[PDB]
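A.B. asks: give me a model of this one.
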Amino acid sequence: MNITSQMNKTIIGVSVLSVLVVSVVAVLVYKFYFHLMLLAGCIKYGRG
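C.D. replies: Residues are numbered from 1 along each chain as shown. Now the structure:
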């Protein structure tokens, strides 16, 4: 761990760390996506 050179080890750690971040990233992106709408239409309009 804590490496990023031309070593098989780094290939595993990096590949794994990436898969995690990527997943979590899109996860909240779509998951929270709904929350946004709920927060947006949480209060009626007020053009005045």
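A.B. asks: and the gap between residue 34 and residue 41?
C.D. replies: 11 Å (Cβ to Cβ, to the nearest Å). Where C-beta positions appear, they are placed from N, C-alpha and C, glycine not excepted.
A.B. asks: over to residue 6?
C.D. replies: Applying Cβ to Cβ to residue 6 and residue 41 gives a distance of 52 Å.
A.B. asks: which of the two has more neighbours?
C.D. replies: residue 41 (9 against 6; other Cβ atoms under 10 Å).
A.B. asks: helix, strand, or coil at the residue nearest to the spatial centre of the chain?
C.D. replies: By Cα atoms, centre = their mean, the chain has its centre lying nearest to residue 25, at 1.2 Å. Secondary structure state of residue 25, per DSSP: H, G, I helix; E, B strand; the rest coil, is helix.
A.B. asks: next one: whichever strand or helix holds residue 15 to chain centre, how far?
C.D. replies: Element membership of residue 15 [criterion: DSSP states H and E] is helix 8-40. Remark: helix 8-40 is offset 3 Å from the chain centroid, using Cα atoms, centre = their mean, to the nearest Å.
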